[PDB]
Amino acid sequence: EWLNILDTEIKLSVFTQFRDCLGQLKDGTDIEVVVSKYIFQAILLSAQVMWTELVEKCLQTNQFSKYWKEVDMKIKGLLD
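In PDB author numbering, the protein residues as written are 1606 to 1685.
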């Protein structure tokens, strides 16, 4: 009984952390601060969803330069 409760609870917790992390990333929040806040899977999925949405709007606007510089800055900050 409690194993079957836990099997659903882990997935619910992962989804909750994912939506909280994506919500934080939305409205403007650097990934560096969020790394120490949520599990790896949640921040990973939130980052990937954001990247898809942002690059889709970049593709419709054809302004890849600004977003590429932003992502490069994110990578340098994460490396630091």
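Note that beta-carbon positions come from the ideal geometry of N, C-alpha and C, so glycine has one too.
- In this structure, the beta-carbon distance from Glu1614 to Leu1683 does not fall below 8 Å.
- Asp1612 sits in a helix when the DSSP states are folded into three classes.
- If you draw a straight line from the Cα of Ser1651 to the Cα of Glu1606, it comes to about 32 Å.
- Distance between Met1655 and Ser1670, taken at the CA atoms: about 17 Å.
- For the 8 Å CB-CB criterion, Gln1629 and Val1640 do not form a contact.
- Pairing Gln1646 with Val1619 gives a Cβ-Cβ distance under 8 Å.
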